[PDB]
Amino acid sequence: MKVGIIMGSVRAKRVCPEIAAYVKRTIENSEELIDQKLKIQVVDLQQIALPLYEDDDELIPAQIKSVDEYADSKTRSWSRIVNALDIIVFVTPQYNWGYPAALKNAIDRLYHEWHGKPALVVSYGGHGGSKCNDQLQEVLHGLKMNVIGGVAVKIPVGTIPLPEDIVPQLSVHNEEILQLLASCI
Amino acid sequence: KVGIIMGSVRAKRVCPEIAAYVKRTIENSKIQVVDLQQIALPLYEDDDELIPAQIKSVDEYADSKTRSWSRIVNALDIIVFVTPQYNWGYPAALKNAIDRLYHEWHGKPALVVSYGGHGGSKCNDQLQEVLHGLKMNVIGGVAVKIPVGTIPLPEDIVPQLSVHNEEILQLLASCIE
Ligand SMILES: Cc1cc2nc3c(=O)[nH]c(=O)nc-3n(C[C@H](O)[C@H](O)[C@H](O)COP(=O)(O)O)c2cc1C
Ligand SMILES: Cc1cc2nc3c(=O)[nH]c(=O)nc-3n(C[C@H](O)[C@H](O)[C@H](O)COP(=O)(O)O)c2cc1C
Ligand SMILES: [Ca+2]
Ligand SMILES: [Ca+2]
C-alpha cells in the first residue's frame, strides 16, 4: 500500500528533502517492511504550487464529499494525489513555534481525503521542532486522521546542507518510526 | 496606531465583518484594517535566502513586498489579529505573513480575536503560542462564536456580537496605558 511523505517546506534552499530522504530510505531498508512492499511517494509542495489567494471553491472542503464536487481544478488534482495515499508521513520544519504556511494551505484545501488515514509527524528544528509537531498533530486530529505519533528530529539550524557527520545520526529515530509504521500496517 | 490584521484571504469571507465589529467596538467607547488579500505576500516566491530572525533591519530584506510589509507592521502600536479557525489551527495566509518578519514583532502588544462555530478557541491558542515565540506582548484572546456557512452573516447576529464588548475593551484599555 502507498505511503505519502509530504514535505512541509517550500523554501528555495532547505533541509526538508534531506529529512524526507532519510524517512524514505529508513522505511525502504526496514526488515519488517521489505515484505509488505509499500510504495513510497515523496510529495513536494513547492512543485504542486497550490495557490494561496486563488480558490474557485466557495464551499467549505468539509462540505465537499468527493473530488468532482470541487469547483477548483488545482484542488481536484491535489485531491487525487492525497486520496491515493494510505499512510501519510508529514515531514515538516518549525517556523516560529508553528507549522509552515505552505503545509497548512495544502492541508486546508482538502478534507474527506484525510479522514481516518494514519498520519506520522516527523518534525525537525534546533530542538526537534517539537512545538510545530504538537500543533500539527492537533490539526490532524481536527481532520479526524489516525495520528500514529510524532518524532522530533534535532538539526543544526543554519547549515544547509546537513553536515556529513549528522546525517548518520538521524537514524537514532529509526526504531520509533518503524515500530509506529509497522504496527499500523 | 492600532492595526486589525485579517487572517482570511478567502473570496467570500466572514473576516471583514468581524474586523468591522472590532473596529466600531473600539471607536464607540487611530485604526487600520490590514487585508492580506491586498498585501498579497507570496507563499512560494522568496528572493530572501535569509531567515528573518537573522535580519536586523528592513533594508536587509531582498524582497520588496516584504520591506513594505515590514514598514506597515513595524509602524503599529497595538495589533489585533482577527482570524478564523481552519481545522483547529490558524489560516495559512496569516502564518505566511507572520513568518516573513521577525524583529518587527518583538515586544508589540497583540490581542487575538478568533471566530468560528465555537469562537475558534483552538486557533486562538495555537496562534498565541506562535506570537509568544515571536516574543510579542500577548494581551490575550477572545473567541467570537458565529453561525457557520452563511456569508455575509445573518443580520440578527451582528448586534449580538457585542456580548464580547466587555472583554475586548477590558483587555485593550489596560494595554493602552
Ligand atoms: C521563518 C523562520 C522561522 C523559523 N522558526 C524556527 C523555530 O521557531 N524553531 C526552530 O528550531 N527553528 C526555526 N527556524 C530555523 C529552521 O529550523 C531552519 O531554517 C530549517 O532549515 C527550516 O527548515 P527548511 O530548510 O526545510 O525550510 C526558522 C526559520 C525561518 C525560515
Ligand atoms: C479550511 C476550512 C476549515 C475550517 N475548520 C473549522 C473548524 O476547525 N472549526 C470551526 O469552528 N470552523 C471551521 N471553519 C469554518 C469557519 O468558521 C467558517 O467557514 C468561516 O466563515 C471562515 O472564516 P472566513 O470566512 O473569514 O475565511 C473552517 C473553514 C474552512 C474554510
Ligand atoms: Ca505536547
Ligand atoms: Ca497539544
# chains A, B, ... in the order shown; residues from 1 in each chain; ligands from 1

call {"tool": "interface_residues", "arguments": {"of": "chain A", "to": "chain B", "cutoff": "8 Å", "atoms": "only C-alpha atoms", "output": "ChimeraX atom specification"}}
result
/A:10-13,46,49,51-53,55,58,60,95-98,100-102,104-105,108,135,138-140,142-143

call {"tool": "residues_around", "arguments": {"residues": "segment 111-119 of chain A", "least_positions_apart": "4", "cutoff": "7 Å", "atoms": "only C-alpha atoms", "output": "VMD selection string"}}
result
chain A and resid 61 to 62 65 79 82 to 83 86 to 89 143 to 148

call {"tool": "select_by_dssp", "arguments": {"residues": "segment 8-143 of chain B", "states": "strand (DSSP E)", "output": "PyMOL selection string"}}
result
chain B and resi 31-35+78-84+109-116+137-143

call {"tool": "closest_residue", "arguments": {"among": "A:91, A:3, A:178, A:38", "to": "ligand 1", "atoms": "only C-alpha atoms and all ligand atoms"}}
result
A:91

call {"tool": "atom_distance", "arguments": {"atom1": "atom CA of residue 166 of chain B", "atom2": "atom CA of residue 142 of chain B"}}
result
10.5 Å

call {"tool": "closest_atom_pairs", "arguments": {"of": "chain A", "to": "ligand 1", "cutoff": "10 Å", "atoms": "only C-alpha atoms and all ligand atoms", "output": "tab-separated table"}}
result
residue	atom	partner	partner_atom_place_in_ligand_line	distance
A:7	CA	ligand 1	26 (O)	8.1
A:8	CA	ligand 1	26 (O)	7.2
A:9	CA	ligand 1	27 (O)	4.4
A:10	CA	ligand 1	27 (O)	6.5
A:11	CA	ligand 1	27 (O)	5.3
A:12	CA	ligand 1	27 (O)	8.2
A:13	CA	ligand 1	25 (O)	6.4
A:14	CA	ligand 1	25 (O)	3.2
A:15	CA	ligand 1	26 (O)	3.9
A:16	CA	ligand 1	26 (O)	3.7
A:17	CA	ligand 1	26 (O)	7.2
A:18	CA	ligand 1	26 (O)	8.5
A:19	CA	ligand 1	26 (O)	8.3
A:20	CA	ligand 1	26 (O)	9.7
A:91	CA	ligand 1	26 (O)	8.8
A:92	CA	ligand 1	26 (O)	6.9
A:93	CA	ligand 1	23 (O)	4.4
A:94	CA	ligand 1	7 (C)	4.9
A:95	CA	ligand 1	5 (N)	3.3
A:96	CA	ligand 1	8 (O)	3.3
A:97	CA	ligand 1	8 (O)	4.3
A:98	CA	ligand 1	8 (O)	6.8
A:99	CA	ligand 1	5 (N)	9.1
A:100	CA	ligand 1	1 (C)	8.2
A:101	CA	ligand 1	1 (C)	9.9
A:123	CA	ligand 1	23 (O)	9.4
A:124	CA	ligand 1	17 (O)	6.7
A:125	CA	ligand 1	11 (O)	3.9
A:126	CA	ligand 1	11 (O)	3.7
A:127	CA	ligand 1	11 (O)	5.4
A:128	CA	ligand 1	11 (O)	6.8
A:129	CA	ligand 1	11 (O)	5.5
A:130	CA	ligand 1	11 (O)	8.4
A:131	CA	ligand 1	8 (O)	7.9
A:132	CA	ligand 1	8 (O)	8.1
A:154	CA	ligand 1	11 (O)	8.3
A:155	CA	ligand 1	17 (O)	7.4
A:156	CA	ligand 1	17 (O)	7.8
A:157	CA	ligand 1	18 (C)	5.1
A:158	CA	ligand 1	19 (O)	5.9
A:159	CA	ligand 1	21 (O)	7.5
A:160	CA	ligand 1	21 (O)	7.1
A:161	CA	ligand 1	21 (O)	8.9
A:162	CA	ligand 1	21 (O)	9.3

call {"tool": "residues_around", "arguments": {"residues": "residue 146 of chain B", "least_positions_apart": "3", "cutoff": "7 Å", "atoms": "only C-alpha atoms", "output": "mmCIF file with C-alpha atoms, in the first residue's frame"}}
result
data_model
loop_
_atom_site.group_PDB
_atom_site.id
_atom_site.type_symbol
_atom_site.label_atom_id
_atom_site.label_comp_id
_atom_site.auth_asym_id
_atom_site.auth_seq_id
_atom_site.Cartn_x
_atom_site.Cartn_y
_atom_site.Cartn_z
ATOM 1 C CA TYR B 115 -14.013 33.250 15.466
ATOM 2 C CA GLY B 116 -15.747 30.046 14.425
ATOM 3 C CA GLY B 117 -18.653 27.782 15.309
ATOM 4 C CA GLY B 119 -15.324 31.010 18.772
#

call {"tool": "atom_distance", "arguments": {"atom1": "atom CA of residue 181 of chain A", "atom2": "atom 6 (C, counted along the ligand's line) of ligand 2"}}
result
28.6 Å

call {"tool": "select_by_dssp", "arguments": {"residues": "chain A", "states": "alpha helix (DSSP H)", "output": "VMD selection string"}}
result
chain A and resid 16 to 28 45 to 48 73 to 83 101 to 108 130 to 142 174 to 184

call {"tool": "atom_distance", "arguments": {"atom1": "atom CA of residue 136 of chain A", "atom2": "atom CA of residue 118 of chain B"}}
result
20.0 Å

call {"tool": "residues_around", "arguments": {"residues": "residue 172 of chain B", "least_positions_apart": "5", "cutoff": "9 Å", "atoms": "only C-alpha atoms", "output": "PyMOL selection string"}}
result
chain B and resi 26+78+111+139+167

call {"tool": "write_last_selection", "arguments": {"atoms": "C-alpha atoms", "output": "PDB file, in the first residue's frame"}}
result
ATOM      1  CA  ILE B  26     -13.129  50.345  19.814  1.00  0.00           C
ATOM      2  CA  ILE B  78      -1.193  47.624  19.043  1.00  0.00           C
ATOM      3  CA  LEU B 111      -4.655  40.593  21.024  1.00  0.00           C
ATOM      4  CA  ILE B 139      -2.568  40.594  25.844  1.00  0.00           C
ATOM      5  CA  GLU B 167     -13.780  41.513  27.377  1.00  0.00           C
TER       6      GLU B 167
END

call {"tool": "residues_around", "arguments": {"residues": "residue 76 of chain A", "least_positions_apart": "5", "cutoff": "10 Å", "atoms": "only C-alpha atoms", "output": "VMD selection string"}}
result
chain A and resid 66 to 71 81 109 to 110

call {"tool": "write_last_selection", "arguments": {"atoms": "C-alpha atoms", "output": "PDB file, in the first residue's frame"}}
result
ATOM      1  CA  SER A  66     -15.931  13.878  -3.422  1.00  0.00           C
ATOM      2  CA  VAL A  67     -13.284  15.139  -5.869  1.00  0.00           C
ATOM      3  CA  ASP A  68     -15.687  16.017  -8.703  1.00  0.00           C
ATOM      4  CA  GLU A  69     -17.593  18.366  -6.383  1.00  0.00           C
ATOM      5  CA  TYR A  70     -14.628  20.779  -6.238  1.00  0.00           C
ATOM      6  CA  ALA A  71     -15.067  23.826  -8.484  1.00  0.00           C
ATOM      7  CA  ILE A  81      -2.669  12.710  -5.110  1.00  0.00           C
ATOM      8  CA  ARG A 109      -7.659  22.689   0.788  1.00  0.00           C
ATOM      9  CA  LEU A 110      -8.987  19.170   1.309  1.00  0.00           C
TER      10      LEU A 110
END

call {"tool": "closest_residue", "arguments": {"among": "A:179, A:171, A:47, A:63", "to": "ligand 2", "atoms": "only C-alpha atoms and all ligand atoms"}}
result
A:63

call {"tool": "residues_around", "arguments": {"residues": "residue 35 of chain A", "least_positions_apart": "4", "cutoff": "12 Å", "atoms": "only C-alpha atoms", "output": "PyMOL selection string"}}
result
chain A and resi 1+27-31+39+182+185

call {"tool": "closest_residue", "arguments": {"among": "B:161, B:14, B:58, B:76", "to": "residue 145 of chain B", "atoms": "only C-alpha atoms"}}
result
B:161
